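Visitor: What shape does this take:
(chains A, B, C and D)
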Amino acid sequence: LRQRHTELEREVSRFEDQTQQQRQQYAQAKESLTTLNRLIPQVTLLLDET
Amino acid sequence: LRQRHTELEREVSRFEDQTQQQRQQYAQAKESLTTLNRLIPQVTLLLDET
Amino acid sequence: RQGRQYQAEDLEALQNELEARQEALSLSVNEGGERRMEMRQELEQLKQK
Amino acid sequence: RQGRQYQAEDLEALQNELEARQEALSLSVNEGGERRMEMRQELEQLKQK
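Guide: Numbers count the residues shown, from 1 in each chain, chains lettered A, B, ... in the order given. Find the structure here:
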(Lines give C-alpha, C1' and ligand atoms only; values in the text may rest on other atoms or scores of the structure.)
Protein backbone atom coordinates (compact mmCIF):
# COMPACT_ATOMS: atom_id res chain seq x y z
CA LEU A 1 0.00 0.00 0.00
CA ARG A 2 2.92 2.38 0.56
CA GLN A 3 4.17 1.53 -2.93
CA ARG A 4 0.64 2.21 -4.16
CA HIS A 5 0.71 5.57 -2.35
CA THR A 6 4.03 6.44 -3.98
CA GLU A 7 2.68 5.57 -7.43
CA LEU A 8 -0.49 7.53 -6.64
CA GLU A 9 1.58 10.60 -5.78
CA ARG A 10 3.43 10.15 -9.06
CA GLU A 11 0.04 10.03 -10.80
CA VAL A 12 -1.09 13.18 -8.96
CA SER A 13 2.03 14.93 -10.24
CA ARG A 14 1.35 13.71 -13.78
CA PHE A 15 -2.27 14.88 -13.69
CA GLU A 16 -1.28 18.27 -12.29
CA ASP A 17 1.38 18.74 -14.96
CA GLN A 18 -1.04 17.81 -17.73
CA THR A 19 -3.80 20.03 -16.34
CA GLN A 20 -1.50 23.01 -15.91
CA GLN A 21 0.08 22.74 -19.35
CA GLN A 22 -3.23 22.28 -21.16
CA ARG A 23 -5.09 24.97 -19.21
CA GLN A 24 -2.39 27.60 -19.70
CA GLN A 25 -1.79 26.82 -23.38
CA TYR A 26 -5.48 26.81 -24.23
CA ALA A 27 -6.05 29.97 -22.17
CA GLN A 28 -3.48 31.78 -24.30
CA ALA A 29 -5.25 30.29 -27.32
CA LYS A 30 -8.46 31.76 -25.89
CA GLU A 31 -6.80 35.17 -25.66
CA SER A 32 -5.54 34.95 -29.24
CA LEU A 33 -8.97 33.90 -30.52
CA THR A 34 -10.59 36.76 -28.61
CA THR A 35 -8.15 39.22 -30.17
CA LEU A 36 -8.92 37.86 -33.64
CA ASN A 37 -12.70 37.85 -33.20
CA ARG A 38 -12.58 41.35 -31.65
CA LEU A 39 -10.14 43.31 -33.81
CA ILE A 40 -10.65 41.32 -37.02
CA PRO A 41 -13.81 39.19 -36.93
CA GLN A 42 -13.81 39.27 -40.74
CA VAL A 43 -12.80 42.92 -40.60
CA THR A 44 -10.27 41.52 -43.05
CA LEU A 45 -13.24 40.83 -45.33
CA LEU A 46 -14.29 44.46 -44.88
CA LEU A 47 -10.73 45.21 -45.96
CA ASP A 48 -11.26 42.43 -48.54
CA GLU A 49 -7.63 42.92 -49.63
CA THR A 50 -9.31 45.32 -52.04
CA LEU B 1 -25.64 5.86 3.85
CA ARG B 2 -28.93 5.49 1.96
CA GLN B 3 -30.16 8.71 3.56
CA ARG B 4 -26.84 10.19 2.44
CA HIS B 5 -27.71 8.85 -1.02
CA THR B 6 -31.03 10.69 -0.89
CA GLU B 7 -29.32 13.94 0.08
CA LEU B 8 -26.70 13.36 -2.62
CA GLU B 9 -29.44 12.89 -5.21
CA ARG B 10 -31.04 16.13 -4.02
CA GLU B 11 -27.72 17.95 -4.39
CA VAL B 12 -27.09 16.37 -7.79
CA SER B 13 -30.51 17.48 -9.03
CA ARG B 14 -29.95 21.01 -7.73
CA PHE B 15 -26.49 21.36 -9.28
CA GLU B 16 -27.55 19.72 -12.55
CA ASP B 17 -30.45 22.16 -12.90
CA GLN B 18 -28.46 25.24 -11.88
CA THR B 19 -25.65 24.34 -14.28
CA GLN B 20 -28.11 23.70 -17.11
CA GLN B 21 -29.84 27.06 -16.69
CA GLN B 22 -26.70 29.10 -16.05
CA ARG B 23 -24.91 27.56 -19.02
CA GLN B 24 -27.94 28.14 -21.25
CA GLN B 25 -28.27 31.83 -20.37
CA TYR B 26 -24.53 32.48 -20.46
CA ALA B 27 -24.16 30.66 -23.78
CA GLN B 28 -27.04 32.70 -25.19
CA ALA B 29 -25.35 35.90 -24.01
CA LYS B 30 -22.10 34.63 -25.55
CA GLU B 31 -23.92 34.00 -28.83
CA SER B 32 -25.32 37.52 -28.53
CA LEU B 33 -21.77 38.86 -28.19
CA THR B 34 -20.70 36.82 -31.21
CA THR B 35 -23.64 38.15 -33.24
CA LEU B 36 -22.64 41.67 -32.22
CA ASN B 37 -18.95 41.30 -33.14
CA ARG B 38 -19.85 39.35 -36.31
CA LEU B 39 -22.76 41.31 -37.79
CA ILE B 40 -21.72 44.61 -36.18
CA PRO B 41 -18.08 44.49 -35.00
CA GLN B 42 -18.15 48.28 -35.38
CA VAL B 43 -19.49 47.52 -38.86
CA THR B 44 -21.96 50.23 -37.89
CA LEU B 45 -19.04 52.57 -38.62
CA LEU B 46 -19.04 51.42 -42.25
CA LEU B 47 -22.82 51.70 -42.16
CA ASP B 48 -22.20 55.06 -40.45
CA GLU B 49 -25.96 55.72 -40.55
CA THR B 50 -25.21 57.90 -43.57
CA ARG C 1 -33.37 39.28 -28.38
CA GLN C 2 -31.37 40.49 -25.38
CA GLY C 3 -32.16 43.95 -24.21
CA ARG C 4 -35.24 45.42 -25.90
CA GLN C 5 -33.75 48.51 -27.49
CA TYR C 6 -30.92 48.67 -24.97
CA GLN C 7 -28.89 51.58 -26.36
CA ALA C 8 -28.29 49.90 -29.71
CA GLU C 9 -27.46 53.36 -31.09
CA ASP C 10 -23.97 52.98 -29.60
CA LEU C 11 -23.67 49.58 -27.95
CA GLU C 12 -19.87 49.26 -27.64
CA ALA C 13 -19.71 49.09 -23.84
CA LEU C 14 -22.20 46.22 -23.64
CA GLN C 15 -19.79 43.93 -25.47
CA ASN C 16 -17.22 44.43 -22.72
CA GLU C 17 -19.96 43.74 -20.19
CA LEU C 18 -20.67 40.47 -21.99
CA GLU C 19 -16.99 39.57 -21.66
CA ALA C 20 -17.40 39.58 -17.89
CA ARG C 21 -20.52 37.47 -18.35
CA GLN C 22 -18.53 35.15 -20.60
CA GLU C 23 -15.91 34.80 -17.88
CA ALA C 24 -18.56 34.09 -15.26
CA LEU C 25 -19.78 31.38 -17.63
CA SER C 26 -16.67 29.22 -17.33
CA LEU C 27 -16.38 29.72 -13.59
CA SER C 28 -20.10 29.18 -13.07
CA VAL C 29 -19.90 25.90 -14.98
CA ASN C 30 -16.41 24.73 -14.02
CA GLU C 31 -17.41 24.76 -10.36
CA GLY C 32 -20.93 23.41 -10.84
CA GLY C 33 -20.14 20.27 -12.79
CA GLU C 34 -17.18 19.49 -10.56
CA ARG C 35 -19.42 19.65 -7.50
CA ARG C 36 -21.94 17.19 -8.92
CA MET C 37 -19.03 15.21 -10.36
CA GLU C 38 -17.52 15.21 -6.88
CA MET C 39 -20.63 13.72 -5.32
CA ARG C 40 -20.85 11.25 -8.21
CA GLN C 41 -17.61 9.67 -7.02
CA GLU C 42 -18.76 9.92 -3.42
CA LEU C 43 -22.12 8.47 -4.43
CA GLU C 44 -20.35 5.53 -6.03
CA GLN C 45 -18.21 5.18 -2.92
CA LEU C 46 -21.31 5.30 -0.74
CA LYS C 47 -22.98 2.68 -2.93
CA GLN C 48 -19.91 0.47 -2.72
CA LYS C 49 -19.83 0.87 1.05
CA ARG D 1 2.06 37.49 -31.38
CA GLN D 2 0.67 34.07 -32.36
CA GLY D 3 2.33 32.57 -35.37
CA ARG D 4 4.84 34.83 -37.12
CA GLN D 5 3.10 35.23 -40.45
CA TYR D 6 0.12 32.98 -40.13
CA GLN D 7 -2.32 32.87 -43.06
CA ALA D 8 -3.57 36.39 -42.35
CA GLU D 9 -4.84 36.36 -45.94
CA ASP D 10 -7.65 34.00 -44.89
CA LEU D 11 -7.68 33.19 -41.18
CA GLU D 12 -11.27 32.04 -40.48
CA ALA D 13 -10.16 28.40 -40.41
CA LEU D 14 -7.80 29.30 -37.58
CA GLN D 15 -10.58 30.87 -35.52
CA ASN D 16 -12.60 27.69 -36.04
CA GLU D 17 -9.65 25.52 -34.98
CA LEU D 18 -9.14 27.64 -31.86
CA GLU D 19 -12.83 27.22 -31.01
CA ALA D 20 -12.26 23.47 -31.30
CA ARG D 21 -9.20 23.81 -29.06
CA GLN D 22 -11.33 25.65 -26.48
CA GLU D 23 -13.76 22.74 -26.55
CA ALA D 24 -10.63 20.67 -25.92
CA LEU D 25 -9.82 23.01 -23.02
CA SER D 26 -13.14 22.22 -21.38
CA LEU D 27 -12.96 18.49 -22.05
CA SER D 28 -9.36 18.10 -20.87
CA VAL D 29 -9.76 20.21 -17.73
CA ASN D 30 -12.93 18.39 -16.67
CA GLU D 31 -11.39 14.98 -17.36
CA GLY D 32 -8.21 15.78 -15.46
CA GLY D 33 -10.13 17.13 -12.49
CA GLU D 34 -12.48 14.17 -12.24
CA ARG D 35 -9.69 11.61 -12.63
CA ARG D 36 -7.42 13.28 -10.10
CA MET D 37 -10.15 13.65 -7.49
CA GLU D 38 -11.34 10.06 -7.94
CA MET D 39 -7.78 8.85 -7.45
CA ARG D 40 -7.53 11.19 -4.44
CA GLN D 41 -10.51 9.34 -2.98
CA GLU D 42 -8.66 6.11 -3.76
CA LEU D 43 -5.70 7.60 -1.89
CA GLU D 44 -7.96 8.27 1.09
CA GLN D 45 -9.22 4.68 1.02
CA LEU D 46 -5.64 3.40 0.88
CA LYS D 47 -4.73 5.69 3.77
CA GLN D 48 -7.51 4.30 5.95
CA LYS D 49 -6.48 0.78 4.97
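
Visitor: Need the distance between the two termini of stretch A:34-49.
Guide: As for stretch A:34-49, its first-to-last residue distance stands at 22 Å under the measure C-alpha to C-alpha, to the nearest Å.

Visitor: check whether that stretch contacts chain D.
Guide: Yes. With C-beta under 8 Å from any C-beta of the partner chain as the measure, stretch A:34-49 is seen reaching chain D through A:35-37, A:40-42, A:44, A:49. Backbone N, C-alpha and C define where each C-beta goes, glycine included.

Visitor: Which residues belonging to whatever helix or strand residue A:3 lives in are considered buried?
Guide: With elements taken from DSSP states H and E, the one containing residue A:3 is helix A:2-39. Under the neighbour-count criterion of 16 or more other C-beta atoms under 10 Å in any protein chain shown, helix A:2-39 has A:8, A:11, A:15, A:18-19, A:22, A:26, A:29-30, A:32-33, A:36-37 buried.

Visitor: need the next SSE after that helix, C-terminal direction.
Guide: On the C-terminal side of helix A:2-39, the nearest following helix or strand under DSSP H and E is helix A:43-47.

Visitor: What parts of chain C come near chain D?
Guide: Within reach of chain D by C-beta under 8 Å from any C-beta, chain C has these residues: C:30, C:33-34, C:37-38, C:41-42, C:45.

Visitor: So which residues of chain C form helices?
Guide: Under the criterion DSSP state H, helices of chain C are mapped to C:12-48.

Visitor: Centre-most residue in it?
Guide: residue C:25 (2.9 Å; C-alpha atoms, centre = their mean).
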